[PDB]
Amino acid sequence: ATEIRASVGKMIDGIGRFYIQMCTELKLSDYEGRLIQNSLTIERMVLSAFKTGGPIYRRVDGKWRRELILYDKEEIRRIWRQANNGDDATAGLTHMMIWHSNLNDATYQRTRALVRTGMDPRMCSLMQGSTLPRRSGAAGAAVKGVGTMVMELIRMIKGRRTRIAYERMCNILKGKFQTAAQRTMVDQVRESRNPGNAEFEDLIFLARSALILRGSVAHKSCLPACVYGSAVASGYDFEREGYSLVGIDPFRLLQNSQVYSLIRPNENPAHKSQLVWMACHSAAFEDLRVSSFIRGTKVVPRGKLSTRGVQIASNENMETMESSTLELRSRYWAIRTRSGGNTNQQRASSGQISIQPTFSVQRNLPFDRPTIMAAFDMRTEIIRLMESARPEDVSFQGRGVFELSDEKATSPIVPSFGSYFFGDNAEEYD
Amino acid sequence: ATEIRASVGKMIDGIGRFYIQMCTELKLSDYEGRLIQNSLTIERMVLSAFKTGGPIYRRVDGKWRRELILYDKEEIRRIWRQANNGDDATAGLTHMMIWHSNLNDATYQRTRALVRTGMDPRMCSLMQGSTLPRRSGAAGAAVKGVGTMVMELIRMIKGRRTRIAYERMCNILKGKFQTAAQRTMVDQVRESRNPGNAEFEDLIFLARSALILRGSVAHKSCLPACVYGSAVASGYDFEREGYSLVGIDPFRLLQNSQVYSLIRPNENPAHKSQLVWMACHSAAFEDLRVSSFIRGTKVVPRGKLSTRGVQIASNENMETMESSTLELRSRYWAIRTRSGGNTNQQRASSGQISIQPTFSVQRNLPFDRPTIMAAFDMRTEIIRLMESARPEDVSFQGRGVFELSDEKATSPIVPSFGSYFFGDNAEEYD
Amino acid sequence: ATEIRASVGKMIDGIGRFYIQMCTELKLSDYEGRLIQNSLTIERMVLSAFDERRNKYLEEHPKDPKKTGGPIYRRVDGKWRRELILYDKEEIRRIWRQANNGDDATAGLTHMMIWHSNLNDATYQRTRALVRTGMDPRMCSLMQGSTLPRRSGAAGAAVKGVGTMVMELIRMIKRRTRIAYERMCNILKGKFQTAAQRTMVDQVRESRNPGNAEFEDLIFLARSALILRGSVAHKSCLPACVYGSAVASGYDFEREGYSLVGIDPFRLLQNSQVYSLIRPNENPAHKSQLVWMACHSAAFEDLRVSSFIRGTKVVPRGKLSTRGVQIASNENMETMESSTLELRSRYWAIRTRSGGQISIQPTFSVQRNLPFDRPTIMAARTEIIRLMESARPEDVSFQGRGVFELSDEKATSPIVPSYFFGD
Ligand SMILES: Cc1onc(-c2cccnc2Cl)c1C(=O)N1CCN(c2ccc([N+](=O)[O-])cc2Cl)CC1
Ligand SMILES: Cc1onc(-c2cccnc2Cl)c1C(=O)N1CCN(c2ccc([N+](=O)[O-])cc2Cl)CC1
Ligand SMILES: Cc1onc(-c2cccnc2Cl)c1C(=O)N1CCN(c2ccc([N+](=O)[O-])cc2Cl)CC1
């Protein structure tokens, strides 16, 4: 707890000090250093370094300008290592990768990659950290969704360190499944010699089941490097105060930060804001209802967002680019979870699924058809188990949201009530 | 294109000139000639002729009066042929039949005819042109729904020109199915010698499948004969301008026309208007949402309509009949389609059917149960195919509605969102 | 002109640059530097150093005369710490001039005084001052700039309300320097929009040895200004930390220009984050309202139009769950928390110095009011009473003019939509 916050606090302090340093080298104004487009470029540089470069955006003569500078990968590596007091500090590096992953999960649908892997494009909610490199951190492995892990394994399926790297991924995936039957099936894929089609068939099954019998996937609020550096510069001490990725800390920091974004002509600044907000709290596949309740303003589906990606291609001309303040604050806050929700328990039920007519009145007589009709080796155990599940089943009982003043999480607020961020395109209306 | 509009333009000009002629014979005032009840009677006469007669409604001494005149079927036939410059002009005749069919599809449910044919009364959406005579036009065959065609075939099943007339109907029905499996099944019904129960069983199957794997059925805006004649009389040239049944033309004409209807005491003139509007654009079984969006005012289900049929039986007394203006104009317009929508393609999917919890918050965890659970000879190919379909699947991508000023259909408007016109009676609430 | 806009941007550059220097001297954190409480102390320091009267006096009557102070605040060992810091006045004066390029630039000092005056009008209704002078405590709404000095510069004089001038005059009447009396009368007359009020204001101006009749005039002349309102300038003057922070981040007010009545101050607060210390039983939202109102001279406005511009409700004073911004020496620092001040707005509006078809002929027999623009048609001591009785609380002003989007930099498309100290 205290020990966790200590190290997390150190790596964020590292990223902070690096950014500030990196910002001075480029002779950037404070405002300019707080432009999200600049942060990502600087973030890109240090990851690429471990020549390199990219677009830097300045405010020259009343108009936005785009230079693109280059640095020695040795020069960058030296700046990173030294900002993290001697050490190579891989931890801060993989933290920036996860922030990039989170934003990629919010910005882009990845059906094109799904169809080549033989996977249902509707499995997107299982795809957390798919753009994240194979053999990422321990932190990376935690953040990767069930679908991400299935997709990595099929690519393998399609130099006997291959054997262990295959076994390493099966165990990662097994750790994520919350039922014994799903876990056992992963053993059968892992135990297999010369992996082929049966294994493919099985992994596609397991992916599908993870939509109802959800896996344990970690979520980490990871902010652009400018937010961290800005704080360090303003006099916040991440090592003395400690820090959390899953507590109030990131919400609290975003409440005291001001980030900017370059915005295109037809784009809506409010919509750009939602995208980066979603990315910041790793909520691309979180129910839109709960996101909305937390943020305070409506969190609208991807297809209704009047916005393109955060990054700006070298194609388009800067002469029409303007700068908006990204709204990243929130009405409430909530603890980020590793849980997938209830996948069994079985204990009791408690509820009502039909009515008994009391009054002679013309009307239909409602009943939960799926549930009533439902009740009439390891594969069937799963089928039988996910068939028992209802969309109405409640997870995270007792758990709620908190006021920004309730930093001890003493008094939770349980909310009362579309849901899919990616369920709103030209092919389907979900 | 130009050639199509040329002939369509001619037959509408024919119907026009006939009506004007027919109106003078009966010494009818222009207003009286634009009474929908009078148009249908005149329409009835020329169809019956190919003695005859029916009720004609006049404005005498401040009250509505009902005479019923008679004509020689030779006299009528002469008036029709000569209004269409020499030719027998069957094309204009079958056009009036389709207008009658459209209005019958909007006015009356036909479950009584469905139960005798051994068909599910819920198949009404497949029943376009069921009141239309067997061996109608080529135009008639196009307008007939899948259920209409199945019902005709069972009646056959229940003089070896019978053999071809059976084969002719199987090929009509086959043309309508958009999948190969459905088409193949029709071959098996057609190839059969001595048609009996297996064929019945099969046709009931095919009808059912056509609710999800919809067939290609044509739709034609066909207006009462008074609307056409009124235009010709006012100086519109249908041959010079050409005409379309599926383009902007009928919408444009309705925007420049004023039709009247006799309305009963308790009836709502707004509701009478919707019925004739639906009939005019062949939209009895079109989604109520899209109808509403096009019309501009709400298109209400049949069971919520405070109106009886357009026609007035010789029973009821005229002394309480009054005359209302039928509102048949529209906010937008749309192209009438021959398509049934997507019945396969299969190519990709793109969407989201579940959520991954990000925040520890008490709530249910939504998922598309039908779709997720779904994925666990020619008959089974169809079952397997319609089981893959979801109510959420989007058809007519890119296609939208148009402003009445956008006659070239250059800039479409894609709308964002009950649905069943006949899903609102004392037995069921759909 | 751009020049008018560039000289205003020059002084904000000065204030900004001065505040930055001051913070480095006080070894303050950036966060600590953006605490409204420190900003005030620092602001209070400069004005004290240039308070020649107090300095001339101290040169005669011995304290530590060369120094000046106030409480600075820091966060130490997880808790806020108040400390009385004493600073050498000459060094403050040097840093001011240096941050204003050798110039003593008293317009920069006056700006900060108007900010404090705006803050004072937001916090306290000043009934005791009013009754002592012999005027109605209800005249509350004409008291803008009353907490300012008598000689306060051109900007300061422009900001002062009608009742402020009246109070100054009555103080003098009840009390070589006939020039000060006559000058203040001109400054009073210039505020009056009607010619009838302007005439009576000259009768008082042109008088030797003013007494009863002159005192009685001003009191009625003030009473009239409640209905027949005066031309009182409203300027958006922000805490020095706001300006300091912007300069520090790289905003160039001289180059970019700046106004106190345009969109500028609204834009700045949109890109600012100001903190306040907050007592245990205080609503941070209500403190924020208070400072927001003080920022935009909004104290005596209609609450409705203030709410409409703001976005959230602008609750009246006696229903506001917060006390003053400053913290007294007797207050317990161990209970102090610091919070963000939400000072952003939904729309913006120009800040005024000010205080076709005329009728309708009915066509349809329908129950309704048959409206007519009362002023235009009808405008064709006793005259004052007549004018006051003629006017109605439902008659509209600033016709056509509305509010603008934050995105609408120019005055393109306006949007056409109560007592803060109400009993
Ligand atoms: C004024 C003012 O002056 N010094 C401070 C100040 C500075 C440092 C520590 N504590 C304080 Cl109080 C201050 C202030 O009120 N702050 C600054 C830091 N804030 C913050 C709180 C939590 C998180 N987090 O969890 O990431 C991030 C941030 Cl930046 C809270 C708001
Ligand atoms: C006045 C006025 O005088 N002559 C005309 C006039 C007459 C003939 C042709 N063009 C024109 Cl402009 C006119 C006019 O404005 N009309 C009349 C015909 N209209 C119409 C347009 C389309 C369709 N259609 O597609 O079936 C039907 C109809 Cl009736 C449009 C409105
Ligand atoms: C990113 C980013 O990088 N450089 C700038 C930048 C910096 C300086 C000038 N212009 C710009 Cl655009 C920038 C940005 O978008 N800003 C900073 C300044 N802002 C601002 C706008 C108006 C007023 N005012 O009227 O007082 C005050 C302020 Cl501080 C608007 C938001």
# chains A, B, ... in the order shown; residues from 1 in each chain; ligands from 1

$ select_by_dssp --residues "segment 167-410 of chain C" --states "strand (DSSP E or B)" --output "number ranges by chain"
C: 192, 230, 274-278, 337-341, 347-348, 359, 372, 403-405

$ write_last_selection --atoms "C-alpha atoms" --output "short mmCIF file (atom, residue, chain, number, x, y, z; two decimals), in the first residue's frame"
data_model
loop_
_atom_site.label_atom_id
_atom_site.label_comp_id
_atom_site.auth_asym_id
_atom_site.auth_seq_id
_atom_site.Cartn_x
_atom_site.Cartn_y
_atom_site.Cartn_z
CA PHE C 192 -25.45 61.59 -15.05
CA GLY C 230 -25.76 56.96 -13.89
CA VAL C 274 -6.72 30.05 -9.26
CA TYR C 275 -6.83 28.50 -5.79
CA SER C 276 -8.36 29.64 -2.52
CA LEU C 277 -8.05 28.60 1.09
CA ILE C 278 -11.40 27.46 2.43
CA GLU C 337 -7.81 23.24 3.03
CA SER C 338 -7.15 24.77 -0.40
CA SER C 339 -9.45 24.37 -3.38
CA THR C 340 -9.80 25.36 -7.03
CA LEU C 341 -11.83 28.51 -7.68
CA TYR C 347 -21.01 33.11 -22.34
CA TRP C 348 -19.38 36.55 -22.22
CA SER C 359 -46.51 50.70 -31.81
CA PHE C 372 -46.06 50.06 -27.27
CA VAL C 403 -24.26 37.75 -24.86
CA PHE C 404 -21.58 36.02 -26.97
CA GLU C 405 -20.07 32.53 -27.17
#

$ residues_near_ligand --ligand "ligand 1" --cutoff "10 Å" --atoms "only C-alpha atoms and all ligand atoms" --output "ChimeraX atom specification"
/A:9,12,227-228,230-232,234-238,240-245,247-257,407 /C:28-38,73-80,273-277,336-340

$ residues_near_ligand --ligand "ligand 3" --cutoff "10 Å" --atoms "only C-alpha atoms and all ligand atoms" --output "ChimeraX atom specification"
/A:28-38,57-64,258-262,322-325 /C:9,12,242-243,245-253,255-260,262-272,409

$ closest_residue --among "A:68, A:89, A:382, A:233" --to "chain B" --atoms "only C-alpha atoms"
A:382

$ atom_distance --atom1 "atom CA of residue 387 of chain C" --atom2 "atom CA of residue 196 of chain C"
9.4 Å

$ select_by_dssp --residues "segment 130-250 of chain A" --states "helix (DSSP H, G or I)" --output "VMD selection string"
chain A and resid 138 to 143 146 to 157 161 to 176 180 to 191 197 to 209 225 to 234 238 to 241 249 to 250

$ interface_residues --of "chain A" --to "chain B" --cutoff "7 Å" --atoms "only C-alpha atoms" --output "NGL selection string"
:A and (111 or 115 or 121-125 or 211-212 or 219 or 282-283 or 285-287 or 334-337 or 340 or 391-401 or 414 or 420 or 422-423 or 426-430)

$ write_last_selection --atoms "N, CA, C and O atoms" --output "short mmCIF file (atom, residue, chain, number, x, y, z; two decimals), in the first residue's frame"
data_model
loop_
_atom_site.label_atom_id
_atom_site.label_comp_id
_atom_site.auth_asym_id
_atom_site.auth_seq_id
_atom_site.Cartn_x
_atom_site.Cartn_y
_atom_site.Cartn_z
N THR A 111 -11.14 -3.89 -36.38
CA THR A 111 -11.80 -5.04 -37.01
C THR A 111 -10.94 -5.63 -38.14
O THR A 111 -10.96 -6.84 -38.37
N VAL A 115 -10.36 -9.64 -38.38
CA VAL A 115 -10.76 -10.53 -39.48
C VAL A 115 -9.62 -11.38 -40.04
O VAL A 115 -9.85 -12.50 -40.50
N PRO A 121 -15.28 -9.40 -35.40
CA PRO A 121 -15.04 -7.96 -35.21
C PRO A 121 -15.86 -7.33 -34.08
O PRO A 121 -15.59 -6.19 -33.69
N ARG A 122 -16.85 -8.06 -33.57
CA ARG A 122 -17.71 -7.58 -32.49
C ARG A 122 -17.07 -7.79 -31.12
O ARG A 122 -17.61 -7.36 -30.09
N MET A 123 -15.91 -8.44 -31.11
CA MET A 123 -15.20 -8.73 -29.87
C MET A 123 -14.35 -7.56 -29.38
O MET A 123 -13.49 -7.72 -28.51
N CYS A 124 -14.60 -6.37 -29.93
CA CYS A 124 -13.75 -5.21 -29.66
C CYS A 124 -13.62 -4.89 -28.18
O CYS A 124 -12.56 -4.44 -27.73
N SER A 125 -14.67 -5.13 -27.41
CA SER A 125 -14.66 -4.87 -25.97
C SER A 125 -13.64 -5.73 -25.22
O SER A 125 -13.27 -5.42 -24.09
N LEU A 211 -17.12 -12.68 -23.27
CA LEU A 211 -18.06 -11.58 -23.42
C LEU A 211 -19.13 -11.65 -22.33
O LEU A 211 -19.62 -10.62 -21.87
N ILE A 212 -19.47 -12.87 -21.91
CA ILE A 212 -20.44 -13.08 -20.84
C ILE A 212 -19.75 -13.44 -19.53
O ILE A 212 -19.95 -12.77 -18.52
N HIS A 219 -7.16 -2.07 -15.10
CA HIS A 219 -7.36 -0.76 -15.70
C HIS A 219 -6.53 0.26 -14.95
O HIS A 219 -6.56 0.31 -13.72
N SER A 282 -8.98 4.80 -19.08
CA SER A 282 -9.00 3.45 -19.66
C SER A 282 -10.43 2.90 -19.82
O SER A 282 -10.71 1.75 -19.48
N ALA A 283 -11.31 3.74 -20.36
CA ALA A 283 -12.75 3.47 -20.34
C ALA A 283 -13.39 3.37 -21.73
O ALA A 283 -14.60 3.62 -21.88
N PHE A 285 -14.14 0.72 -23.35
CA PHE A 285 -15.11 -0.37 -23.37
C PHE A 285 -15.97 -0.45 -22.10
O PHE A 285 -16.67 -1.44 -21.87
N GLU A 286 -15.90 0.59 -21.28
CA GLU A 286 -16.76 0.72 -20.11
C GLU A 286 -18.13 1.19 -20.55
O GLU A 286 -18.22 2.02 -21.46
N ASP A 287 -19.18 0.67 -19.91
CA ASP A 287 -20.56 1.10 -20.12
C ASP A 287 -20.64 2.63 -20.19
O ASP A 287 -20.08 3.34 -19.34
N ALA A 334 -14.19 7.17 -9.28
CA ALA A 334 -14.42 5.77 -8.96
C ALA A 334 -13.10 5.00 -9.02
O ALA A 334 -12.19 5.36 -9.75
N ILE A 335 -13.02 3.94 -8.22
CA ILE A 335 -11.83 3.10 -8.22
C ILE A 335 -11.81 2.28 -9.50
O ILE A 335 -12.82 1.69 -9.88
N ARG A 336 -10.66 2.29 -10.18
CA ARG A 336 -10.45 1.44 -11.35
C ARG A 336 -10.21 0.00 -10.92
O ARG A 336 -9.43 -0.26 -10.01
N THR A 337 -10.88 -0.94 -11.60
CA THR A 337 -10.90 -2.34 -11.16
C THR A 337 -10.11 -3.32 -12.05
O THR A 337 -9.91 -3.08 -13.24
N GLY A 340 -13.66 -8.58 -13.53
CA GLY A 340 -14.51 -8.70 -14.70
C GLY A 340 -15.98 -8.68 -14.30
O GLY A 340 -16.85 -8.57 -15.16
N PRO A 391 -28.23 -10.47 -18.71
CA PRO A 391 -27.79 -9.07 -18.75
C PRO A 391 -28.17 -8.27 -17.49
O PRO A 391 -27.57 -7.24 -17.22
N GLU A 392 -29.14 -8.78 -16.74
CA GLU A 392 -29.65 -8.09 -15.56
C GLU A 392 -28.85 -8.35 -14.29
O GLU A 392 -29.02 -7.64 -13.30
N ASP A 393 -27.99 -9.37 -14.32
CA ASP A 393 -27.17 -9.74 -13.16
C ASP A 393 -26.30 -8.57 -12.74
O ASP A 393 -25.63 -7.95 -13.57
N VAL A 394 -26.31 -8.27 -11.44
CA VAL A 394 -25.59 -7.12 -10.90
C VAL A 394 -24.21 -7.51 -10.38
O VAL A 394 -24.07 -8.45 -9.61
N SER A 395 -23.20 -6.78 -10.83
CA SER A 395 -21.83 -6.96 -10.36
C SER A 395 -21.43 -5.78 -9.48
O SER A 395 -22.08 -4.73 -9.52
N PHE A 396 -20.38 -5.97 -8.69
CA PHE A 396 -19.81 -4.92 -7.81
C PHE A 396 -20.80 -4.39 -6.78
O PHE A 396 -20.88 -3.18 -6.55
N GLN A 397 -21.54 -5.30 -6.15
CA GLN A 397 -22.50 -4.93 -5.11
C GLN A 397 -21.85 -4.11 -3.99
O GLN A 397 -20.75 -4.43 -3.53
N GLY A 398 -22.52 -3.04 -3.58
CA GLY A 398 -22.04 -2.22 -2.47
C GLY A 398 -21.08 -1.14 -2.89
O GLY A 398 -20.93 -0.13 -2.20
N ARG A 399 -20.42 -1.35 -4.03
CA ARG A 399 -19.44 -0.42 -4.57
C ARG A 399 -20.10 0.72 -5.33
O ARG A 399 -21.07 0.51 -6.07
N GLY A 400 -19.58 1.93 -5.15
CA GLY A 400 -20.12 3.13 -5.80
C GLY A 400 -19.08 4.19 -6.14
O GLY A 400 -17.88 3.95 -6.05
N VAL A 401 -19.57 5.36 -6.55
CA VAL A 401 -18.70 6.49 -6.90
C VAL A 401 -18.47 7.39 -5.68
O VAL A 401 -19.14 7.25 -4.66
N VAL A 414 -24.13 4.81 -4.90
CA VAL A 414 -24.56 3.79 -5.86
C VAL A 414 -25.58 4.39 -6.83
O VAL A 414 -26.66 4.82 -6.41
N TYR A 420 -22.77 0.78 -25.37
CA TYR A 420 -21.58 0.44 -26.16
C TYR A 420 -21.03 1.63 -26.92
O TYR A 420 -21.74 2.26 -27.70
N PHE A 422 -18.64 1.45 -29.17
CA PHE A 422 -18.41 1.03 -30.55
C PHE A 422 -19.63 0.36 -31.19
O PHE A 422 -19.50 -0.30 -32.23
N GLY A 423 -20.80 0.54 -30.60
CA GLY A 423 -22.03 -0.05 -31.13
C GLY A 423 -22.90 0.94 -31.89
O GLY A 423 -24.11 1.00 -31.68
N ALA A 426 -22.19 2.39 -39.44
CA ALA A 426 -23.01 2.29 -40.64
C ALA A 426 -23.51 0.86 -40.94
O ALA A 426 -24.43 0.68 -41.73
N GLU A 427 -22.90 -0.13 -40.29
CA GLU A 427 -23.26 -1.54 -40.48
C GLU A 427 -24.22 -2.08 -39.42
O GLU A 427 -25.07 -2.94 -39.72
N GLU A 428 -24.10 -1.59 -38.18
CA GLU A 428 -24.90 -2.07 -37.05
C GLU A 428 -25.28 -0.96 -36.07
O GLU A 428 -24.50 -0.02 -35.86
N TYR A 429 -26.47 -1.06 -35.48
CA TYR A 429 -26.92 -0.11 -34.47
C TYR A 429 -27.12 -0.81 -33.12
O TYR A 429 -28.20 -1.32 -32.84
N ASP A 430 -26.08 -0.83 -32.29
CA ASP A 430 -26.15 -1.52 -30.99
C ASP A 430 -26.27 -0.54 -29.82
O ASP A 430 -27.36 -0.11 -29.45
#
